[PDB]
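Protein chains in written order, with UniProt numbering: chain A, 124 to 367; chain B, 19 to 609, 614 to 659, 666 to 753, 773 to 953, 959 to 1381. Working notes, beginning with the structure itself.
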Amino acid sequence: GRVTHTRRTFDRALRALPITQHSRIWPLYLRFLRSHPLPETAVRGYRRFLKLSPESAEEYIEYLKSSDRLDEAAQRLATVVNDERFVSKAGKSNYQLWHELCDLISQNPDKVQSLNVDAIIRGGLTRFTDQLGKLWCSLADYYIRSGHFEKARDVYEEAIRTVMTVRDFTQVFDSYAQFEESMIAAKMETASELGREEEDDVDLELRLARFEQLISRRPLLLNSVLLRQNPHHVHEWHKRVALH
Amino acid sequence: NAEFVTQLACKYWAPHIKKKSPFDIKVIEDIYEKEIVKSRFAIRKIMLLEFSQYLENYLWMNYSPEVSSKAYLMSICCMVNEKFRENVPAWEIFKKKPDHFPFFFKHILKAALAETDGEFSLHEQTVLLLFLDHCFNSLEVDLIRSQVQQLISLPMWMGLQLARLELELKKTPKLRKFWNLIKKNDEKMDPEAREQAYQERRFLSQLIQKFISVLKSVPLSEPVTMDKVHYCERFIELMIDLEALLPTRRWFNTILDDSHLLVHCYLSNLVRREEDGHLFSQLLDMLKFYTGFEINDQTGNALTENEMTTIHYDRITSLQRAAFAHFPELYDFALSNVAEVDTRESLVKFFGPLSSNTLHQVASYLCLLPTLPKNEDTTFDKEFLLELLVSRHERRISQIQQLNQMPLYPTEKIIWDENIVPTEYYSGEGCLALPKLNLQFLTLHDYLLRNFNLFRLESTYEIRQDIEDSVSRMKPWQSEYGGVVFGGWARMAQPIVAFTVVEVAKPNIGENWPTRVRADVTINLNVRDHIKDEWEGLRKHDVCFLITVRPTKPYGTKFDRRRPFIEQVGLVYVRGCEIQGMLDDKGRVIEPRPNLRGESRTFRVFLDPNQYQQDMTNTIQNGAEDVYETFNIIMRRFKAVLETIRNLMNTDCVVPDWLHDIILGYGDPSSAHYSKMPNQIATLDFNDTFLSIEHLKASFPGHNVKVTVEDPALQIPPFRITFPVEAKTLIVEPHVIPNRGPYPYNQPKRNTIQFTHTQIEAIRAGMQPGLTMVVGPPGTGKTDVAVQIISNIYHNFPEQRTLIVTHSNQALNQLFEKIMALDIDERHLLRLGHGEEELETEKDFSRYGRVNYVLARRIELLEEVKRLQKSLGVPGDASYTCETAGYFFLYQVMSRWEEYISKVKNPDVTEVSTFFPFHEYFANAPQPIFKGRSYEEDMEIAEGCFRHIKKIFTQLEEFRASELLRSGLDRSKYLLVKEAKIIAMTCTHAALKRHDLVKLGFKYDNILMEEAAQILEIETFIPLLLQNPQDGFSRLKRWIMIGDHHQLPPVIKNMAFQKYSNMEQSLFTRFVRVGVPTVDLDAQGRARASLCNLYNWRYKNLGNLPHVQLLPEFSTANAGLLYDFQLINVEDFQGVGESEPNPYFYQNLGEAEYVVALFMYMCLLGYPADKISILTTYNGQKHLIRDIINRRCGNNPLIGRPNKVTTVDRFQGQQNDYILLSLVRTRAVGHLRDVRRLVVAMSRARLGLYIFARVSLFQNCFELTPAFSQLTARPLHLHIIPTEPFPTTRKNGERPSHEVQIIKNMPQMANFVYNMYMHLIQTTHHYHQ
């Protein structure tokens, strides 16, 4: 009921520096964080700049993520993300993937402004390189939370240009189909550009069908485009097929 | 006609005559006919009239409405134009006479509106266009603002095409109700009233019509009059002025879009003649740029990508709708996209084959023009209509990317032009294609564009004046194969045999520009011995310039000093170069020179950060050739600036929200002080400013002091002084600076200077959020109050950064000298700079010096750690570093102090001494401190030693960073990032390494600046991007600048860049012209009252300190001089007053020999030869002065060397006990018109000034009338005490007991001095030699 016992007891238990008094000092900050985040931030910051351990920032950020103060949790996370003498602080144990998980739970369907979300995706992709998985995820988010004009055009172009795997073509096909009337010059020529997609056995029909069923009126181009996207070897009736 | 002009002045209006003749319109018209009409508006005529004050003494003080005529109007306009050129306050007569100001504006407007080439000739039309441009651009004047109010108001748009006004009101429904208010308010109006209102509203349209018709009245090739071209160019200049001024454009831009000056301009032949209308069409490109500049018409704010794209696409959408409804042929053009109709290329493939009536009806449907009647032919050509429609609905560039792709170096099409960069032979009868930096910009990108234009013009001057330096005694001649050849020998120009690249290293992180770009230039000096010696004596950071020319004038062509020397010599490229030294036998630049055998010397130079990056970017993007390779010569006596400006321009430019308005000049200029920054400190720590409570209450002359504790004997603290926010209460509350242990040598340093109430309030406005400009007049203790404010900000701020910025090294070193006695830790100071820095301060605050002191201090901390631990009685033979020292604090000192704390604060004076185990740790300290007399004070001392050990542990904690930073510059980066509490730099260094610190630890919480006047507009606007915003807001909280508008400003590269764009107008000067608060201290103590009077009457209530009033030595008699300030007449000697033996190298040998005799008199009278300052009117004058000194005195055992034989601009930051001034100028006023140089040359002597000059020629200046009154306040002769040695106990007012000397000629004065020298040579002798 008074901070006097807390402070004096902590100091007297801290007279030695063994693994004793640790889970009485830090859970003291845990139970102090109630209705007062200032002593919580105080213990967190002074601890991350206090007695050495790699578990220090671990317990600090793991106690702070559970409260209404989370940028302080991310601050202890950033202390770990620099760490000044150990890039890998914990071996197989993860801090950066967990930071990416918290960034995912923040870009969860709360901040749907569609800028913080893609920023958090680039932040996770910077903290750790993403082998096509978060790449397809962020490409789909960037094609869905865009518009239909040259904004979606550049979105699809940059996505396909730096893409890693397939179904990115399907993402840009969804974009092109939703925007199939974005200019009164071509009516979203991205449809034909994606009917001309990868040569041998990837989709060869997906973007063409999306363009021909935007709702439906008449493709008049997707047939030629899909049949120009790599039929069988050169000398055959492929020419007659292109002629019909 | 100089005779008749001077006679008319001296008879009727020239000052310095008891009687003035009455006014006469006949006299005015006669003199006007005999000068202006007869001489085609001669510059020398208007300049003799400006020396006579023809405006402020004849024109407006005696003009009248029935008297205002052609001659009077033309004379007033010509005089105001000449004053605008000569850069002196011009509109003083108008601000004196508001009665005739609307009449004068009305007559000028009538002349500018009436027929051209009629009564008012084309020269008069150019004069009227220039007067209109000036009276529009000076809009902050009351009378000119009122004149342009009804002439540029929102009802000015009442004359544009009716359909265009209707479409405007349809797009802006808010403006229709305002126009309704105007139409209803014009109901009760008079015929003359409403008619003049309409004429004012349509005067802009009528002048646009006159200018466009004047241009169209020119044929394609047949030579035309350049005066009509000057008229049209001054019209374009007025249009650019009202396009750069925000509210001047608010209504003007609608009529601009109405009449489409762009289409007619870019369709006329005057823009197609690359000779007759070249700079006109260049200003026309800049004018189209300001016309399409993204600044929204409704808000005055820029447009976004979405906004501008929607505007363009909606224009193309209205074109599609007008095509569908009214254009059968453009069916595809209607059903086409934005991407397919917005570009001029495809839009032209559609609407080029369009017919005359087709495009005319298209413009009618787009309300661009009056509709075409049925089947009739609008007299506008197909070219005109298609050009209009393409310029309206064509693709335009983003200004950001357009400026981004720009080359930061001048090319072979720019470097040798005086049209966008006039040279040092400027006249002033025309304008150049330059921007303006005076009051306010339309957008931040616009301000930055004008700044970078001025920077490129100054670098163009540095590349243009010295490019014609290839062998340049006699204009270097050509050789076979077009090669270069030096057929003659020059002193300050020499054939550089070659130029080679040595060091082009990496740039700083992130940036686009290398840091050290070095090139070595080799010259085989087969030259005269002493001249080649002055050429070989190269020094550290010495300035040279490599010249390269593309000559075509073959061997033997003589010079014509009138023509452009640039075009005479055919120069190519000039590169400034700071040679670190010449090479030796070991190839390494001269850092005693070693024995140089041979004549060829190579000097390795690196003048700027992006030195070998400007020509690099040139040959990268603009396809230009190599400038560092075609070099031909070396000659002795801003690309990084542009790249930093570009970093800012493409940077998010997120400034402080209360500094956007100040740096914009629009909005409330008094908003950025403490009184309107809403977060001022309630009870703040001004610890340093007051030393006594009575003195604090005296420095609060307007405050009611609520003193918390009445006790007089206990109250002189760093007392908390709260200003209210009942309504005037200064809460003075006592405190006690916490203890520090036993050591009395740990006395926290308190300041000893009694800064008066104005300095206290200035420091308070600096440390209360916002910004502040402390006007520090000479001697007010500006840097003292600055350091005191930094101290108060260190009292109120433990973690924030105090970024000290200065304009020169003087202010920075003085700041170090004042922080030398401030209670600051030496691990908290950091500093930036421009290379190798001579630390003129006591202890080195330099990078390596502070890093080595940091290592030593961490060693000391380890010593204190070992002492405390061994005292506590540990085991061990091994040593622990700073990490284990922090752990040692936490492990042992925590435990000991914790036992003591939970023992004592849970309790007697005996336990105060018992429960402290720190006896053996204080075993080296004064006698046991916890006296056991008072428990609280005993615990104060004990816990103070405990927290002394704690601060030791914190020093070791901050030193583990130096234990972790292996390298010297690495520890510098780390300790400048983290522990640095105050970071001191120069403006050029800050702008050259801005991104360096930005990515290496930039934090800007409060910036304190010194010499705010000597940093430019851009050179101060650059540190506005010393960081980035922090999660959506810039960390910049406060800015306390010490400045003075009355001191010398930056002296620009060319006099033409500041003659063209007024580069002398600093940010503080524009703030003064706006009305921002100026905390103007007035307590000076460096010069006496009666001697400082030559500079005090230049400021606002400039006063003195008790030191100045009571000084026993500053009220003393001058050694052999009865008058403290004499500027005596210097007659013509041997027929020579001022002469120019070299082109414009002004000197006056009469006054010069007088001044040399004066320095000799101070020497042989005992006034110390090191107290002898020779300040002059010209550097050539000071050179001839040193010549006469070393020719008549030489190495005399009776006379030493003057302190500063220097220039009025080159003697700043300094004072003197006795200054000898050689003010040569008598036939022309020169550049004394600057109040800056006036106050400079007047405030450089603290106890005595002795000058030789022309008294009447000085008093002939209108700007210097209050100067002349006290300058010639004494007789104009050498009135001295001749036989009086240095100590003569009399004061300034006492009676002397010896004979007084009155010398009237320099021969006779020098003869007196020479007889004195012979007498002393025959009566004494010295031996020091």
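Quick reminder that beta carbons are idealized off the backbone N, C-alpha and C, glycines included.
Over what stretch of residues does the beta strand (DSSP E) that includes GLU521/B continue unbroken? Reading the second sequence from its first residue, position 503 is the one you call residue 521/B. Looking at the DSSP string, the run of the beta strand (DSSP E) that includes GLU521/B is 516-522.
Please confirm whether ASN1080/B has its beta-carbon closer than 8 Å to some beta-carbon of chain A. To locate residue 1080/B, count along the second sequence from 1; it is residue 1028. By this cut-off, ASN1080/B is not an interface position.
Ignoring anything shorter than 4 residues or poking outside the stretch 257-299 of chain B, list the alpha helix (DSSP H) runs there in chain order. Listed in chain order, they are 264-277, 279-285.
Closest by C-alpha distance to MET1061/B, when choosing among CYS1039/B, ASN1080/B, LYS1051/B, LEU1044/B: Within the second sequence, residue 1061/B is the residue found at index 1009, counting from 1. It is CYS1039/B.
Who are the Cβ neighbours of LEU909/B in its own chain at under 8 Å, not counting the five residues just before and after it? As a position in the second sequence, residue 909/B is number 862, starting the count at 1. Same-chain partners within the cutoff: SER926, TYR927, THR928, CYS929, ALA932, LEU1008.
Euclidean distance between Cα positions of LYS52/B and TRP31/B: Looking up residue 52/B in the second sequence gives position 34. Looking up residue 31/B in the second sequence gives position 13. For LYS52/B and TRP31/B, the distance between alpha carbons rounds to 17 Å.
Under 9 Å between beta-carbons, which chain A residues line up against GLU585/B? List them in chain order, please. Here residue 585/B is taken as the residue at index 567 of the second sequence, counted from 1. What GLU585/B touches in chain A: nothing, since even the nearest Cβ is about 49 Å away.
Give a yes or no on contact between the stretch 562-581 of chain B and the stretch 482-492 of chain B, applying the rule of three or more CB pairs nearer than 8 Å. Counting Cβ pairs under 8 Å, three or more are found: they touch.
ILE527/B: contacting residues in chain A (beta-carbon distance under 7 Å): For the purposes of this step, residue 527/B is taken as the residue at position 509 of the second sequence. Chain-order list of chain A residues neighbouring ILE527/B: empty, with the shortest C-beta distance near 17 Å, by a criterion of under 7 Å.
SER299/B, buried or exposed, once every other Cβ within 10 Å from all chains shown has been counted against 16: Counting from one through the second sequence, the residue named residue 299/B turns up at place 281. Around the beta carbon of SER299/B, 16 or more other beta carbons lie within 10 angstroms, which makes this residue buried.
Below 8 Å, can you find three or more Cβ-Cβ pairs linking the stretch 1231-1244 of chain B to the stretch 1280-1298 of chain B? Because the criterion of three Cβ pairs below 8 Å is not met, the stretch 1231-1244 of chain B and the stretch 1280-1298 of chain B do not touch.
Identify whether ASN346/A lies in helix, strand or coil by the three-state DSSP scheme. Sequence index remark: in the first sequence, residue 346/A carries index 223 (1-based). The answer is helix: DSSP assigns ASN346/A an H, G or I state.
Under 8 Å between C-beta atoms, does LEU353/B make it to chain A? Your numbering for residue 353/B matches position 335 in the second sequence. At least one chain A Cβ lies under 8 Å of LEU353/B.
Tell me which residue opens and which closes the beta strand (DSSP E) that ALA1036/B is part of. Within the second sequence, residue 1036/B is the residue found at index 984, counting from 1. Run containing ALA1036/B: 1034-1038, per the beta strand (DSSP E) assignment.
Decide if the stretch 788-805 of chain B is in contact with the stretch 1048-1057 of chain B; the criterion is three or more beta carbon pairs, one per stretch, under 8 Å apart. No: the two stretches stay apart, fewer than three of their Cβ pairs being nearer than 8 Å.
Rounded to whole angstroms, what's the CA-CA distance from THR429/B to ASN640/B? Just pull it up for me. Sequence index remark: in the second sequence, residue 429/B carries index 411 (1-based). Sequence index remark: in the second sequence, residue 640/B carries index 618 (1-based). Those two C-alpha atoms are separated by around 8 Å.
Considering only residues of the same chain and omitting the five flanking positions on each side of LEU1076/B, which have a CB-CB separation below 6 Å? Here residue 1076/B is taken as the residue at index 1024 of the second sequence, counted from 1. A distance below 6 Å between beta-carbons, with the five flanking residues on each side excluded, links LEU1076/B to the following residues of its chain, in chain order: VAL683.
Exposed unless 16 or more other CB atoms sit within 10 angstroms - verdict on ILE46/B: As a position in the second sequence, residue 46/B is number 28, starting the count at 1. It is buried - the Cβ of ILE46/B has at least 16 other Cβ atoms within 10 Å.
Contact list for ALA1108/B against chain A, beta-carbon separation under 8 Å: The sequence position of residue 1108/B within the second sequence is 1056, counting from 1. Going along chain A, no residue has its Cβ under 8 Å from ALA1108/B, so there is no contact; the nearest lies around 45 Å.
Any beta carbon of chain A sitting closer than 8 Å to that of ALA903/B? In the second sequence, counting from the first residue as 1, residue 903/B sits at position 856. It does not; no Cβ of chain A falls within 8 Å.
Under the assumption that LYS234/B contacts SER286/B (Cβ atoms under 8 Å), give the Cβ distance between them as a whole number of angstroms. For the purposes of this step, residue 234/B is identified with residue 216 of the second sequence, where counting begins at 1. For the purposes of this step, residue 286/B is identified with residue 268 of the second sequence, where counting begins at 1. Cβ-Cβ separation between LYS234/B and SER286/B: approximately 6 Å, consistent with a contact (criterion under 8 Å).
Beta-bridge pairing of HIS1331/B - partner residues as DSSP gives them: In the second sequence, residue 1331/B corresponds to position 1279, counting from 1. Partner residues in the beta bridge of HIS1331/B, as assigned by DSSP, are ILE1354/B.
Tell me the rounded alpha-carbon separation between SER1024/B and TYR900/B. Numbered from 1 along the second sequence, position 972 holds the residue referred to as residue 1024/B. Numbered from 1 along the second sequence, position 853 holds the residue referred to as residue 900/B. C-alpha of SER1024/B to C-alpha of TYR900/B: approximately 11 Å in a straight line.
Of the residues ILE334/B, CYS250/B, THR317/B, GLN338/B, the one placed nearest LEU297/B, counting alpha carbons only: Mapped onto the second sequence, residue 297/B falls at position 279. Selected option, being the one with the closest Cα: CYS250/B.
Straight-line CA distance for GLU401/B to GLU240/B? One-based indexing of the second sequence puts residue 401/B at position 383. One-based indexing of the second sequence puts residue 240/B at position 222. The alpha-carbon atoms of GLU401/B and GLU240/B are separated by roughly 22 Å.
In the stretch 928-941 of chain B, which residues sit with their C-beta less than 8 Å from some C-beta in chain A, listed in chain order? Listed by position along the chain: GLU930, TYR934, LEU937, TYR938, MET941.
Assuming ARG252/B and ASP151/B form a contact by the criterion Cβ under 8 Å, report the distance between their Cβ atoms to the nearest whole angstrom. Along the second sequence, one-based indexing puts residue 252/B at 234. Along the second sequence, one-based indexing puts residue 151/B at 133. Confirmed, Cβ separation roughly 6 Å.
Looking at the ligand PLP, does it come within less than 7 Å of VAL1291/B, judged from the CB to the closest heavy atom? For the ligand PLP, the structure offers nothing, since it holds no ligand at all.
If you count every other CB in all the chains shown that lies within 10 Å of the CB of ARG284/A, and 16 or more means buried, which is it? As a working note, residue 284/A is residue 161 in the first sequence. Exposed, by the Cβ-count rule.
Near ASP603/B, what residues of its chain come up, given a Cβ to Cβ distance below 7 Å and the 5 sequence neighbours on each side ignored? To locate residue 603/B, count along the second sequence from 1; it is residue 585. Contacts found: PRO616.
With DSSP run on the structure shown, which of helix, strand or coil describes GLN1381/B? Here residue 1381/B refers to the residue found at position 1329 when the second sequence is read from its first residue. Residue state, collapsed to three classes: coil.
N-terminal and C-terminal residue of the alpha helix (DSSP H) that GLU596/B is part of: Translated into positions along the second sequence, residue 596/B becomes position 578. Note, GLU596/B: premise wrong, no alpha helix (DSSP H); beta strand (DSSP E) at 589-600.
What does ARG268/A reach in chain B if we use C-beta pairs closer than 8 Å? Position 145 of the first sequence holds residue 268/A. Those do not exist, as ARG268/A stays about 16 Å from chain B at its closest Cβ, beyond 8 Å.
From this set, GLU1069/B, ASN1181/B, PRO265/B, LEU1284/B, which residue's C-alpha is nearest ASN469/B's C-alpha? Stepping through the second sequence from its first residue, residue 469/B is reached at position 451. Looking from the CA of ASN469/B, the closest CA among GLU1069/B, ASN1181/B, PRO265/B, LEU1284/B belongs to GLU1069/B.
Exposed or buried, which one is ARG623/B when buried takes at least 16 other CB atoms within 10 Å? Walking along the second sequence from the start, residue 623/B turns up at place 601. So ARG623/B counts as buried.
Are the beta-carbon atoms of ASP1134/B and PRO824/B separated by less than 8 Å? Reading the second sequence from its first residue, position 1082 is the one you call residue 1134/B. Reading the second sequence from its first residue, position 777 is the one you call residue 824/B. Cβ atoms of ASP1134/B and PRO824/B: closer than 8 Å.
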